[PDB]
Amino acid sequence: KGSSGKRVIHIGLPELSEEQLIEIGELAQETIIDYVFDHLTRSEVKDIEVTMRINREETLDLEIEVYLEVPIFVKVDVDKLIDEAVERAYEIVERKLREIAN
């Protein structure tokens, strides 16, 4: 089992139309996916799992859970890579939200 790691980006959501809700969810997830494959070659990625989660209780919450695993012979720092991927996702979603707020 090569290096692996998981992270969950969690975002409280404001008032959004259905179209904007789906757009935001997909944006968050694709930013993470694209980030991974813009730094790794398809061969270095043994397993990538991504879950989009939208929970609506007292508050509207979006969560993107990502798990990544590389071959045991690949030397990339998976945790740091996932961290940065997730960070990029947070800022891109947070900006898109401010933009919508107008």
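We number the residues from 1 along the sequence you see.
Got a sec? Mean C-alpha B-factor, which is higher, 90-98 or 21-29?
It is 90-98 that shows the higher mean C-alpha B-factor.
Looking only at CA atoms, which has the higher mean B factor in the entry: 73-81 or 60-68?
Comparing 73-81 with 60-68, the higher mean C-alpha B-factor belongs to 73-81.
Looking at the entry's B-factor column for C-alpha atoms only, identify whether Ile9 ranks in the lowest, middle or highest third of its chain.
As the PDB entry reports it, the C-alpha B-factor of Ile9 lands in the lowest third of its chain.
By its CA B factor, does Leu40 count among the lowest, middle or highest third of the modelled residues in the chain?
Highest third.
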